[PDB]
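Dropping structure-v5.cif in here (mmCIF, C-alpha atoms and all ligand atoms):
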data_query
#
loop_
_atom_site.label_atom_id
_atom_site.label_comp_id
_atom_site.auth_asym_id
_atom_site.auth_seq_id
_atom_site.Cartn_x
_atom_site.Cartn_y
_atom_site.Cartn_z
CA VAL D 14 207.92 29.18 -65.36
CA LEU D 15 208.48 32.74 -66.68
CA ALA D 16 207.28 35.70 -64.57
CA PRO D 17 205.45 33.69 -61.88
CA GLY D 18 202.69 35.52 -59.96
CA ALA D 19 202.19 33.03 -57.10
CA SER D 20 205.69 33.03 -55.78
CA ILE D 21 206.09 34.93 -52.55
CA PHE D 22 203.97 35.83 -49.55
CA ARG D 23 203.93 39.33 -48.11
CA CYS D 24 202.17 40.81 -45.08
CA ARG D 25 198.68 41.81 -46.28
CA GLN D 26 198.72 45.02 -44.21
CA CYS D 27 202.13 46.49 -45.16
CA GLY D 28 203.90 44.36 -47.77
CA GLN D 29 206.80 43.05 -45.67
CA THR D 30 208.31 39.97 -47.32
CA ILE D 31 207.39 36.93 -45.18
CA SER D 32 207.68 33.59 -47.03
CA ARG D 33 207.62 31.72 -50.34
CA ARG D 34 205.41 29.08 -51.92
CA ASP D 35 208.56 26.94 -52.35
CA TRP D 36 208.79 26.80 -48.55
CA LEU D 37 205.35 25.30 -47.92
CA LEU D 38 205.63 22.33 -45.54
CA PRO D 39 203.13 19.41 -45.55
CA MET D 40 202.81 18.74 -41.78
CA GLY D 41 200.85 15.54 -41.20
CA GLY D 42 200.39 15.30 -44.99
CA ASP D 43 198.85 18.76 -45.62
CA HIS D 44 200.33 22.25 -45.62
CA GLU D 45 196.86 23.55 -44.64
CA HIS D 46 195.51 23.03 -41.12
CA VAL D 47 192.15 24.46 -40.04
CA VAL D 48 192.21 25.08 -36.31
CA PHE D 49 190.61 27.04 -33.49
CA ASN D 50 192.01 28.73 -30.40
CA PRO D 51 190.46 28.90 -26.88
CA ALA D 52 188.76 32.19 -27.84
CA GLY D 53 186.93 30.27 -30.60
CA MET D 54 188.73 32.00 -33.48
CA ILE D 55 189.16 29.75 -36.54
CA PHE D 56 192.41 30.01 -38.52
CA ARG D 57 193.35 28.51 -41.83
CA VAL D 58 197.03 27.94 -41.05
CA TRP D 59 199.57 27.23 -43.76
CA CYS D 60 202.78 25.58 -42.59
CA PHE D 61 206.10 26.85 -43.92
CA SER D 62 209.59 25.49 -43.31
CA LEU D 63 211.03 29.00 -43.26
CA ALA D 64 209.84 32.58 -43.00
CA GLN D 65 211.44 35.99 -42.61
CA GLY D 66 210.32 39.49 -41.72
CA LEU D 67 208.55 38.43 -38.54
CA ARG D 68 209.14 39.29 -34.90
CA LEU D 69 208.69 36.37 -32.52
CA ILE D 70 207.26 37.52 -29.18
CA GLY D 71 207.93 36.00 -25.76
CA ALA D 72 209.03 32.52 -24.75
CA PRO D 73 207.58 29.29 -26.17
CA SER D 74 204.46 27.65 -24.75
CA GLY D 75 203.06 24.15 -25.25
CA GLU D 76 199.58 25.18 -24.06
CA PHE D 77 196.81 24.38 -26.57
CA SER D 78 199.38 23.60 -29.29
CA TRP D 79 197.78 22.46 -32.53
CA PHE D 80 200.88 20.43 -33.45
CA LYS D 81 201.84 17.55 -31.22
CA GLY D 82 205.30 17.92 -29.72
CA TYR D 83 205.72 21.60 -30.60
CA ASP D 84 205.72 24.71 -28.47
CA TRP D 85 204.66 28.03 -30.05
CA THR D 86 205.56 31.69 -30.00
CA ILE D 87 203.41 34.40 -31.52
CA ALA D 88 204.78 35.70 -34.82
CA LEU D 89 204.02 39.32 -35.70
CA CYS D 90 204.89 41.12 -38.88
CA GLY D 91 208.24 42.69 -38.02
CA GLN D 92 207.34 45.82 -39.93
CA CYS D 93 203.73 46.64 -38.93
CA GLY D 94 202.98 44.33 -35.97
CA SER D 95 200.08 42.45 -37.65
CA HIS D 96 199.63 39.03 -36.08
CA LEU D 97 200.62 36.66 -38.92
CA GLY D 98 200.84 33.35 -37.09
CA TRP D 99 203.13 31.34 -34.86
CA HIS D 100 206.60 29.88 -34.80
CA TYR D 101 206.77 26.26 -33.62
CA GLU D 102 209.80 24.70 -31.96
CA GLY D 103 210.91 21.92 -29.70
CA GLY D 104 209.52 19.08 -31.80
CA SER D 105 210.87 16.48 -34.24
CA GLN D 106 211.22 16.19 -38.03
CA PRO D 107 211.22 19.11 -38.29
CA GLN D 108 212.36 20.62 -35.01
CA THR D 109 210.86 23.94 -36.08
CA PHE D 110 208.42 25.47 -38.57
CA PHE D 111 206.02 28.41 -39.04
CA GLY D 112 202.23 28.29 -39.08
CA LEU D 113 200.99 31.39 -40.83
CA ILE D 114 197.41 32.62 -41.22
CA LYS D 115 196.67 32.38 -44.95
CA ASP D 116 194.20 35.27 -45.18
CA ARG D 117 196.69 37.63 -43.46
CA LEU D 118 199.21 37.20 -46.30
CA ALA D 119 199.16 38.45 -49.90
CA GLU D 120 200.62 36.19 -52.58
CA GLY D 121 202.42 37.60 -55.61
CA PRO D 122 205.37 37.62 -57.93
CA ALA D 123 208.96 37.21 -56.86
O1 LIG W 201 199.14 26.21 -31.50
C1 LIG W 201 198.56 27.18 -31.04
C2 LIG W 201 199.12 28.56 -31.15
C3 LIG W 201 198.54 29.53 -30.13
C4 LIG W 201 197.03 29.46 -30.17
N1 LIG W 201 196.39 30.34 -29.22
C5 LIG W 201 195.68 31.50 -29.56
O2 LIG W 201 195.55 31.93 -30.68
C6 LIG W 201 195.15 32.05 -28.29
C7 LIG W 201 194.36 33.15 -28.05
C8 LIG W 201 194.01 33.42 -26.73
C9 LIG W 201 194.45 32.61 -25.70
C10 LIG W 201 195.25 31.50 -25.94
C11 LIG W 201 195.58 31.24 -27.25
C12 LIG W 201 196.41 30.14 -27.83
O3 LIG W 201 196.99 29.25 -27.26
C13 LIG W 201 196.53 28.03 -29.95
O4 LIG W 201 195.47 27.78 -29.41
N2 LIG W 201 197.36 27.03 -30.39
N1 LIG W 202 211.45 38.34 -55.48
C1 LIG W 202 212.28 39.55 -55.34
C2 LIG W 202 212.91 39.56 -53.94
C3 LIG W 202 212.01 40.26 -52.94
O1 LIG W 202 211.21 41.12 -53.37
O2 LIG W 202 212.10 39.95 -51.73
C4 LIG W 202 213.33 39.64 -56.46
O3 LIG W 202 213.49 38.71 -57.25
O4 LIG W 202 214.00 40.65 -56.61
ZN ZN W 203 202.94 43.97 -41.92
#

What would you get if you wrote out this structure as structure tokens?
Ligand SMILES: O=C1CC[C@H](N2C(=O)c3ccccc3C2=O)C(=O)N1
Ligand SMILES: N[C@@H](CC(=O)O)C(=O)O
Ligand SMILES: [Zn+2]
Amino acid sequence: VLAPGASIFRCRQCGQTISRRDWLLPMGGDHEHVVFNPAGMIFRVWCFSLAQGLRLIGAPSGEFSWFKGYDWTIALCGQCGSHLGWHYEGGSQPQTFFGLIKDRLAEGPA
């Protein structure tokens, strides 16, 4: 389409470019996964094949992973440090992907 407005995802706090709607990834048949951590926090996680602009912190862990076969690392906004989600690795088809917290991103034109 011409002049799309639902094209890219930026960090909600600072505007860093993070991902693209084209890169949404339907893990287990859905790009959206509603999940909770051990602290009881609920996240609406959108899975993306690719992302940029993040800083991945520490070494991977399999503990409490929401995605069978994958280990996670915390993904912060590389610009402002906002916690945007997790990077997943060590699994199969795909080996890696990103799970980003939908309400911590702003969607907009390319
Ligand atoms: O797949 C994941 C990513 C990490 C996530 N997670 C959290 O968000 C968290 C907060 C506090 C203590 C421990 C955890 C943890 O494993 C979680 O529970 N599963
Ligand atoms: N979508 C932008 C690229 C960006 O802002 O990251 C452009 O077409 O110039
Ligand atoms: Zn940011």

Put the listed atoms of ligand LIG 201 (chain W) in a box along x, y and z with 8 Å added on every side and give me the centre and edge lengths in Å to one decimal, as JSON.
{"center_x": 196.6, "center_y": 29.8, "center_z": -28.6, "size_x": 21.1, "size_y": 23.2, "size_z": 21.8}

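Comparing D:16, D:37, D:87, D:114 by their smallest distance to residue 74 (chain D), the closest is D:87 (using only C-alpha atoms).
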
Chain D residues near ligand LIG 202 (chain W) within 8 Å, closest pair each, using only C-alpha atoms and all ligand atoms, as JSON lines:
{"residue": "D:20", "atom": "CA", "partner": "W:LIG202", "partner_atom": "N1", "distance": 7.8}
{"residue": "D:21", "atom": "CA", "partner": "W:LIG202", "partner_atom": "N1", "distance": 7.0}
{"residue": "D:30", "atom": "CA", "partner": "W:LIG202", "partner_atom": "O2", "distance": 5.8}
{"residue": "D:122", "atom": "CA", "partner": "W:LIG202", "partner_atom": "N1", "distance": 6.6}
{"residue": "D:123", "atom": "CA", "partner": "W:LIG202", "partner_atom": "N1", "distance": 3.1}

Extract, using only C-alpha atoms, all DNA, RNA and protein residues at most 8 Å from residue 56 (chain D), discarding same-chain residues fewer than 4 positions from it, and format them as a short mmCIF file (atom, residue, chain, number, x, y, z; two decimals) with C-alpha atoms, keeping the file's coordinate frame.
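This went into out-v7.cif:
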data_model
loop_
_atom_site.label_atom_id
_atom_site.label_comp_id
_atom_site.auth_asym_id
_atom_site.auth_seq_id
_atom_site.Cartn_x
_atom_site.Cartn_y
_atom_site.Cartn_z
CA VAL D 47 192.15 24.46 -40.04
CA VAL D 48 192.21 25.08 -36.31
CA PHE D 49 190.61 27.04 -33.49
CA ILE D 114 197.41 32.62 -41.22
#

If I take CA of residue 66 (chain D) and CA of residue 115 (chain D), how far is one from the other in Å, to one decimal?
15.7 Å
